[PDB]
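Below is one structure; the comments refer to it alone.
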Amino acid sequence: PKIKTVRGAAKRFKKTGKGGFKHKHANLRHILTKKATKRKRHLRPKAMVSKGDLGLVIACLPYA
Amino acid sequence: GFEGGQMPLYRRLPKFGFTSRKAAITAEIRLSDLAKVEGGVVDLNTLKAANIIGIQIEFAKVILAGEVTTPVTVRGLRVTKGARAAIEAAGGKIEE
Amino acid sequence: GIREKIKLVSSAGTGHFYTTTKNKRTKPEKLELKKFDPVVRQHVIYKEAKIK
Amino acid sequence: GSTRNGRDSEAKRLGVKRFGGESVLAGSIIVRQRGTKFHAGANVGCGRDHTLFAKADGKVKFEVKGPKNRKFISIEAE
RNA sequence: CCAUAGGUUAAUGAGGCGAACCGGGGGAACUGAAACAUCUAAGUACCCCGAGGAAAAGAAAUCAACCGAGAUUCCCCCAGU
RNA sequence: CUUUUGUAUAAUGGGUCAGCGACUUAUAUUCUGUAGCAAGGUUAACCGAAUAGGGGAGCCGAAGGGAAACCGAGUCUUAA
RNA sequence: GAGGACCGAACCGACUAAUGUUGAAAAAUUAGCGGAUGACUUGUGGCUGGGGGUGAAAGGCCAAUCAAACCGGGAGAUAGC
RNA sequence: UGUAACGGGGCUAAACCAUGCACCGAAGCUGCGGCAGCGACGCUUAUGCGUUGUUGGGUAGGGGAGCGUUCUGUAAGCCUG
RNA sequence: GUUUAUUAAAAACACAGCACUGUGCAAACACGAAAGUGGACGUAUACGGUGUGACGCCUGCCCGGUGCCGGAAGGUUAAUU
RNA sequence: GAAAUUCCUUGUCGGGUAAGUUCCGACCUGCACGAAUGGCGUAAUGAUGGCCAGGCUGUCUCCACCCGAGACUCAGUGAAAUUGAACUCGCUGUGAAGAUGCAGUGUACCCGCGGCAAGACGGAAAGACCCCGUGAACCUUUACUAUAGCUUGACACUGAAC
RNA sequence: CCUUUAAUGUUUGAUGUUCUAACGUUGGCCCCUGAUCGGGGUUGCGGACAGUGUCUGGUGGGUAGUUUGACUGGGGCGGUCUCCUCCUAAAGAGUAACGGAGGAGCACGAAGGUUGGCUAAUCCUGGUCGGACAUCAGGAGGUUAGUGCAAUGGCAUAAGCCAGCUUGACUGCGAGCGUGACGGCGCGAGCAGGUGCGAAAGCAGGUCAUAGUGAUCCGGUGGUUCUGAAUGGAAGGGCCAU
Ligand SMILES: [Cu+]
Ligand SMILES: [Cu+]
Ligand SMILES: [K+]
Ligand SMILES: [K+]
Ligand SMILES: [K+]
Ligand SMILES: [K+]
Ligand SMILES: [K+]
Ligand SMILES: [K+]
Ligand SMILES: [K+]
Ligand SMILES: [K+]
Ligand SMILES: [K+]
Ligand SMILES: [K+]
Ligand SMILES: [K+]
Ligand SMILES: [K+]
Ligand SMILES: [K+]
Ligand SMILES: [K+]
Ligand SMILES: [K+]
Ligand SMILES: [K+]
Ligand SMILES: [K+]
Ligand SMILES: [K+]
Ligand SMILES: [K+]
Ligand SMILES: [K+]
Ligand SMILES: [K+]
Ligand SMILES: [K+]
Ligand SMILES: [K+]
Ligand SMILES: [K+]
Ligand SMILES: [K+]
Ligand SMILES: [K+]
Ligand SMILES: [K+]
Ligand SMILES: [K+]
Ligand SMILES: [K+]
Ligand SMILES: [K+]
Ligand SMILES: [K+]
Ligand SMILES: [K+]
Ligand SMILES: [K+]
Ligand SMILES: [K+]
Ligand SMILES: [K+]
Ligand SMILES: [K+]
Ligand SMILES: [K+]
Ligand SMILES: [K+]
Ligand SMILES: [K+]
Ligand SMILES: [K+]
Ligand SMILES: [K+]
Ligand SMILES: [K+]
Ligand SMILES: [K+]
Ligand SMILES: [K+]
Ligand SMILES: [K+]
Ligand SMILES: [K+]
Ligand SMILES: [K+]
Ligand SMILES: [K+]
Ligand SMILES: [K+]
Ligand SMILES: [Mg+2]
Ligand SMILES: [Mg+2]
Ligand SMILES: [Mg+2]
Ligand SMILES: [Mg+2]
Ligand SMILES: [Mg+2]
Ligand SMILES: [Mg+2]
Ligand SMILES: [Mg+2]
Ligand SMILES: [Mg+2]
Ligand SMILES: [Mg+2]
Ligand SMILES: [Mg+2]
Ligand SMILES: [Mg+2]
Ligand SMILES: [Mg+2]
Ligand SMILES: [Mg+2]
Ligand SMILES: [Mg+2]
Ligand SMILES: [Mg+2]
Ligand SMILES: [Mg+2]
Ligand SMILES: [Mg+2]
Ligand SMILES: [Mg+2]
Ligand SMILES: [Mg+2]
Ligand SMILES: [Mg+2]
Ligand SMILES: [Mg+2]
Ligand SMILES: [Mg+2]
Ligand SMILES: [Mg+2]
Ligand SMILES: [Mg+2]
Ligand SMILES: [Mg+2]
Ligand SMILES: [Mg+2]
Ligand SMILES: [Mg+2]
Ligand SMILES: [Mg+2]
Ligand SMILES: [Mg+2]
Ligand SMILES: [Mg+2]
Ligand SMILES: [Mg+2]
Ligand SMILES: [Mg+2]
Ligand SMILES: [Mg+2]
Ligand SMILES: [Mg+2]
Ligand SMILES: [Mg+2]
Ligand SMILES: [Mg+2]
Ligand SMILES: [Mg+2]
Ligand SMILES: [Mg+2]
Ligand SMILES: [Mg+2]
Ligand SMILES: [Mg+2]
Ligand SMILES: [Mg+2]
Ligand SMILES: [Mg+2]
Ligand SMILES: [Mg+2]
Ligand SMILES: [Mg+2]
Ligand SMILES: [Mg+2]
Ligand SMILES: [Mg+2]
Ligand SMILES: [Mg+2]
Ligand SMILES: [Mg+2]
Ligand SMILES: [Mg+2]
Ligand SMILES: [Mg+2]
Ligand SMILES: [Mg+2]
Ligand SMILES: [Mg+2]
Ligand SMILES: [Mg+2]
Ligand SMILES: [Mg+2]
Ligand SMILES: [Mg+2]
Ligand SMILES: [Mg+2]
Ligand SMILES: [Mg+2]
Ligand SMILES: [Mg+2]
Ligand SMILES: [Mg+2]
Ligand SMILES: [Mg+2]
Ligand SMILES: [Mg+2]
Ligand SMILES: [Mg+2]
Ligand SMILES: [Mg+2]
Ligand SMILES: [Mg+2]
Ligand SMILES: [Mg+2]
Ligand SMILES: [Mg+2]
Ligand SMILES: [Mg+2]
Ligand SMILES: [Mg+2]
Ligand SMILES: [Mg+2]
Ligand SMILES: [Mg+2]
Ligand SMILES: [Mg+2]
Ligand SMILES: [Mg+2]
Ligand SMILES: [Mg+2]
Ligand SMILES: [Mg+2]
Ligand SMILES: [Mg+2]
Ligand SMILES: [Mg+2]
Ligand SMILES: [Mg+2]
Ligand SMILES: [Mg+2]
Ligand SMILES: [Mg+2]
Ligand SMILES: [Mg+2]
Ligand SMILES: [Mg+2]
Ligand SMILES: [Mg+2]
Ligand SMILES: [Mg+2]
Ligand SMILES: [Mg+2]
Ligand SMILES: [Mg+2]
Ligand SMILES: [Mg+2]
Ligand SMILES: [Mg+2]
Ligand SMILES: [Mg+2]
């Protein structure tokens, strides 16, 4: 039958123009007062998935 | 996605965003699509009749992609700045 | 960990706040500092309030 | 019985990252250190953890200068 | 006490069997989750009642979106959205 | 033969022969090869007496950025 | 002429030893042993059904099977061995 | 358990030290014949030919190229009393 | 007397006797979605449950913990409103 | 009361014996008895546990002979477990570390039959001990989460008067 | 018609007494009837109680489904499990053991920024109470002190000590680089806006540095030129801060 998307991965990765995936950085949900503004500011923009993790992401997202 | 029991990547990262219903009913039109319609007037209905946009599309935007070489009248669509320049230079007009 | 979190609320009415900590047993007086409000883009007075 | 030992901290990967004569870009870290075993010379900065880094493109140069025979790192413009 | 219950007789019908398919009344666990309780397996297996050559469903107190469609059923898409 | 750091091993399995005995099937998806067509390619159910022919509903591709509205060869970020 | 009385065959048991251990026998044979009118023993038939029975209680027995019988099904359970 | 602390026989060198020249000794190297992988250089009927250099121990495992078996077409053909 | 049919017959189990406790009869209690049935065609000198175990001499102190029995003024507290 | 309980422990004293870690009688230093999950006694009873004596004996010193049934030979019938393949010696060494099979060496003509079990890590049963598996079962409980039962109240079946 | 206060027809509340007609009857009698079942009738007793349904608090190994970690010179028992500093570690980085030794799970609106100033321990001598050690003066000495807290590396241009003014413990970004399998973590000139100290050059995006920590999910609070299932809103969602 059709392969099923891992819906949880679809909620956290989006495919970019050349075929990588963008994601939201960890560590910006809570416990925020003790973190420096510089650290938080650098966590705000989305990042790309690393080379070692691309395989796991692609496995989870066959219809991406 | 299993990683041996370590919190896997797709769960140690956070979810983001929401999915927009209005994006599903909006389409983009290339300049090369303009000559493909029947009659020289480009609107939602004529694009649907020519199979350029889906039957349930409610909004469309013409973008600068490809070329237009014939005069066309665009009615009821949004047009980018570059596409508007190309259409008018080819001799057409844009009506809101 | 006796120090408690607090917020410093802009006096400009923008709702902007900074957060920090305070030893409430030794310094019961309210913290008040001039800080940059990025909404109105000026330094203004900021006053202590509860963290939420 | 048992032991009261068994602890350690992770290695911090300090030391010299760019040696004498190496061409570097501005911003490059030259040495990571605890305190100033090496001191900042011309076109070199000293960060808050006493990291020495290049403030200009050029070649790394070590020298000993001053009345205390201290070690300085500078960048020679190339 | 009128009656009713009860009793006898007559006429007509029913019962039992059958592989699947069909409608209904009940309804697991192993298993997966790399443990497990929510969840899954699955309204599956199994038990029960009933029908037909098919059954069920069916002629909008339905959708749509300001344009319109026009009962039920079945197939391909929509979309692993 | 197997399993092992390592087996003549006194570790495992087989008395012998003959016959049978273990990476398959369906669907989805990606990559390679090959063939067709090519900014296009291809149809599904179905119709058809038809391995023809019809059927382009659809699907993939020629545009991206952004959570999104939106803008668009740019876009997002930010007062810039 | 009493008795869960006494000695002792049948009958019901099973304390010791030898044998047997691919047995004559998937629990026996031989020499001895206990009860032997009783909470005794035996024939025929009946009743209790599986988380259930029955148990003077050993987790004993429930068809040479018992810390959950047997047969069929879920079923190709699952098996990082 | 039996010599049993040169492998044995035996040895006064057939032991040890030093110097030297011979020889034995491997699937190492060379000679002769043959096969294959890869790379260069040239021909070419564009996929082979020639010259040349070099390589060819292998478990897990990756890559390449084949043998044979049954069945379908080619086959109302071809072989076969 | 009983017991681990098939490695344990015993000091284990049972036992008459003793005590605590439940039970007023549509009894407590037990089997049972229930109807009913056992208890019992019995009725507190009876029936169930539990411990102890002929008989003789006996059975001391502790109610703080856990349980059971009684109390209900107050605190807290469900659906409901 | 050194016990169906006593670790120390064969405690110490007495008795019995030539000699007694057991037995009997005491002592009390009860590791860690004790009063109906009864305490201490107790005639009778027991295929019940321990100890002593008389009788008795092949139990033994220490075995001998005999009678039968096998074993052994002949005729008839005719199994079994096991088994990689065998041209299937000792010793000392070596070595997946305990060798018929390697090394060195010694001994040894080929083949049965009756006997014995030191070795073939002999046969038998995918160790039951031990560990492991994010295995199983059944048991326990003030482990967790549920739940039959039991119990509480509200509403319904459910009405009237004071 | 507003503050307050008496009563009843009158609405439901709790208690008590009485009643009968629902309901119970495993009391008597009659009939179906050849019947210790059942039903109907009648009479007595009980009576809105009891009992049952739905909902609800308590109790509930009576029964069920399960959980009950890993490392480990076998397992158990004991100890350990994240973070920082030294050594082992073989002069770049890294490097194991149930190897050898110590620390953290914070503190601080000043103990942060900046401008100006300053320099320690210890000992000797003299000096009221005053002594081994208080404060004073001089000398020697030269960091043997100090550093908010371990240890190491640093520190005089002090990073150590004192004072004035202050909020840069700023917001948006960031060339380049270090360190990680990854998630991440770290250093960073410089740019824009606004700020403090300084005459000024300048310094300041917390603290001499290296510990002081917790992913995701689920939700809470504030903000918002995003979304808003017919449409306007709203709910819910997104984004930003927490
Ligand atoms: Cu009939
Ligand atoms: Cu209450
Ligand atoms: K389950
Ligand atoms: K599993
Ligand atoms: K399990
Ligand atoms: K094998
Ligand atoms: K093995
Ligand atoms: K092994
Ligand atoms: K073995
Ligand atoms: K094997
Ligand atoms: K494929
Ligand atoms: K292809
Ligand atoms: K912009
Ligand atoms: K009888
Ligand atoms: K039983
Ligand atoms: K049977
Ligand atoms: K069962
Ligand atoms: K060659
Ligand atoms: K043929
Ligand atoms: K007996
Ligand atoms: K017994
Ligand atoms: K009683
Ligand atoms: K007596
Ligand atoms: K007596
Ligand atoms: K008590
Ligand atoms: K009590
Ligand atoms: K109460
Ligand atoms: K004693
Ligand atoms: K004792
Ligand atoms: K003695
Ligand atoms: K008791
Ligand atoms: K007694
Ligand atoms: K006995
Ligand atoms: K006796
Ligand atoms: K030999
Ligand atoms: K033997
Ligand atoms: K576990
Ligand atoms: K079992
Ligand atoms: K009545
Ligand atoms: K009632
Ligand atoms: K209840
Ligand atoms: K329970
Ligand atoms: K170890
Ligand atoms: K060991
Ligand atoms: K080192
Ligand atoms: K300051
Ligand atoms: K200051
Ligand atoms: K990185
Ligand atoms: K919102
Ligand atoms: K709708
Ligand atoms: K909103
Ligand atoms: Mg957030
Ligand atoms: Mg179309
Ligand atoms: Mg270290
Ligand atoms: Mg029928
Ligand atoms: Mg599971
Ligand atoms: Mg489902
Ligand atoms: Mg029919
Ligand atoms: Mg019909
Ligand atoms: Mg109908
Ligand atoms: Mg209309
Ligand atoms: Mg081994
Ligand atoms: Mg070998
Ligand atoms: Mg052998
Ligand atoms: Mg072998
Ligand atoms: Mg094995
Ligand atoms: Mg074998
Ligand atoms: Mg495969
Ligand atoms: Mg796009
Ligand atoms: Mg008798
Ligand atoms: Mg018996
Ligand atoms: Mg006998
Ligand atoms: Mg007798
Ligand atoms: Mg007798
Ligand atoms: Mg069953
Ligand atoms: Mg037992
Ligand atoms: Mg049996
Ligand atoms: Mg079971
Ligand atoms: Mg199944
Ligand atoms: Mg199987
Ligand atoms: Mg000798
Ligand atoms: Mg030799
Ligand atoms: Mg020589
Ligand atoms: Mg040779
Ligand atoms: Mg060679
Ligand atoms: Mg050659
Ligand atoms: Mg070779
Ligand atoms: Mg090879
Ligand atoms: Mg053929
Ligand atoms: Mg019996
Ligand atoms: Mg037995
Ligand atoms: Mg016996
Ligand atoms: Mg009764
Ligand atoms: Mg009843
Ligand atoms: Mg009865
Ligand atoms: Mg007893
Ligand atoms: Mg009390
Ligand atoms: Mg009470
Ligand atoms: Mg003893
Ligand atoms: Mg003694
Ligand atoms: Mg003695
Ligand atoms: Mg004694
Ligand atoms: Mg006792
Ligand atoms: Mg006791
Ligand atoms: Mg007592
Ligand atoms: Mg007691
Ligand atoms: Mg007692
Ligand atoms: Mg007793
Ligand atoms: Mg006694
Ligand atoms: Mg007896
Ligand atoms: Mg014979
Ligand atoms: Mg050896
Ligand atoms: Mg040997
Ligand atoms: Mg022989
Ligand atoms: Mg023998
Ligand atoms: Mg064996
Ligand atoms: Mg095994
Ligand atoms: Mg278990
Ligand atoms: Mg009756
Ligand atoms: Mg349980
Ligand atoms: Mg389960
Ligand atoms: Mg373990
Ligand atoms: Mg432990
Ligand atoms: Mg090093
Ligand atoms: Mg080194
Ligand atoms: Mg290494
Ligand atoms: Mg290592
Ligand atoms: Mg270590
Ligand atoms: Mg500690
Ligand atoms: Mg200064
Ligand atoms: Mg960059
Ligand atoms: Mg500026
Ligand atoms: Mg100024
Ligand atoms: Mg901070
Ligand atoms: Mg400081
Ligand atoms: Mg510090
Ligand atoms: Mg949740
Ligand atoms: Mg709506
Ligand atoms: Mg709306």
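Residue numbering restarts at 1 for every chain, and letters A, B, ... go by the order of the sequence lines. Both backbone and side-chain heavy atoms feed into the values below; hydrogens, waters and symmetry mates do not.
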query = For B:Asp33 and A:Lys22, take the nucleotide of RNA chain F holding the closest heavy atom to each; which residue's nucleotide lies nearer the 5' end?
reply =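 Upstream on the strand: B:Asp33.
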request  = Assign each of B:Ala27 and B:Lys36 to its nearest nucleotide of RNA chain F by heavy atoms, then name whichever residue's nucleotide is nearer the 5' end.
outcome  =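 Here B:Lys36 is the residue nearer the 5' end.
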Record whether the side chain of [X] comes under 3.5 Å of the base of [N] through a donor-acceptor pair of N or O atoms.
X	N	value
D:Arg7	K:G102	yes
C:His43	K:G168	no
D:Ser28	K:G188	no
D:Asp8	K:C84	no
B:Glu3	K:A181	no
A:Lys38	K:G188	yes

Would you mind classifying the nucleic acid contact of [X] as base, sugar-phosphate or nothing, using non-hydrogen atoms under 4.0 angstrom?
X	answer
A:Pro1	base
B:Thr26	nothing
D:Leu25	sugar-phosphate
A:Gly17	sugar-phosphate
B:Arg12	base
A:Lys4	base
D:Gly6	nothing
D:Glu10	sugar-phosphate
D:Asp49	sugar-phosphate
D:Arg70	sugar-phosphate
A:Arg41	base
A:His42	base

task = Kindly indicate whether K:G44 forms a Watson-Crick or G-U wobble pair with K:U25, where both distances must fall under 3.5 Å.
result =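 So K:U25 is base-paired to K:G44.
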request  = Could you tell me whether J:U9 and J:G76 make a Watson-Crick or G-U wobble pair, using a cut-off of under 3.5 Å for both distances?
outcome  =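 Given the Watson-Crick and G-U criteria, J:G76 is not paired with J:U9.
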message = Whether K:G61 and K:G62 stack: are their six-membered ring centres under 5.5 Å apart and their planes inclined by less than 30°?
response =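 Flagged as non-stacked, criteria not both satisfied.
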F:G55|F:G56 base stack, centroid gap <5.5 Å, plane angle <30° =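 Judged by ring centres under 5.5 Å and planes under 30°, these neighbouring bases do not count as stacked.
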key: Selected nucleotide, minimal atom distance to A:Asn27 side chain, candidates E:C78, K:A241, K:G184   =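 Minimum distance to the A:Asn27 side chain belongs to K:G184.
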ask   = Among the nucleotides K:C208, K:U85, K:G109, which one has an atom lying closest to any side-chain atom of D:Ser9?
value =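 The answer is K:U85.
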request  = Anything under 4.0 Å to a heavy atom of chain A counts; send over the first and last such nucleotide of RNA chain F, read 5' to 3'.
outcome  =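 Here the contact window of chain A covers F:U27 to F:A67.
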request  = Without swapping roles, check the side chain of C:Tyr18 against the backbone of C:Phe36 for a donor-acceptor pair under 3.5 Å.
outcome  =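 Yes, C:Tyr18 side chain to C:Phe36 backbone: donor-acceptor pair under 3.5 Å.
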Any donor-acceptor pair under 3.5 Å from C:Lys22 side chain to C:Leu31 backbone =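 No.
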ask   = Between B:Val79 and B:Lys61, which heavy-atom pair has the shortest distance, and what is it?
value =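 Smallest heavy-atom distance, with atoms named: N-CD, 3.9 Å.
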ask   = Do we count D:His50 as stacking onto K:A159 if the rule is ring centres under 5.5 Å and planes under 30°?
value =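 Stack criterion met.
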key: Any A:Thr37 side-chain nitrogen or oxygen under 4.0 Å from OP1 or OP2 of K:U171   =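 Yes, A:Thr37 has a side-chain N/O under 4.0 Å of OP1/OP2 on K:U171.
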message = Taking K:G46 as the reference, what is the distance to I:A26 when you measure between their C1' atoms (whole Å, please)?
response =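 Rounded to whole Å, the distance is 14 Å.
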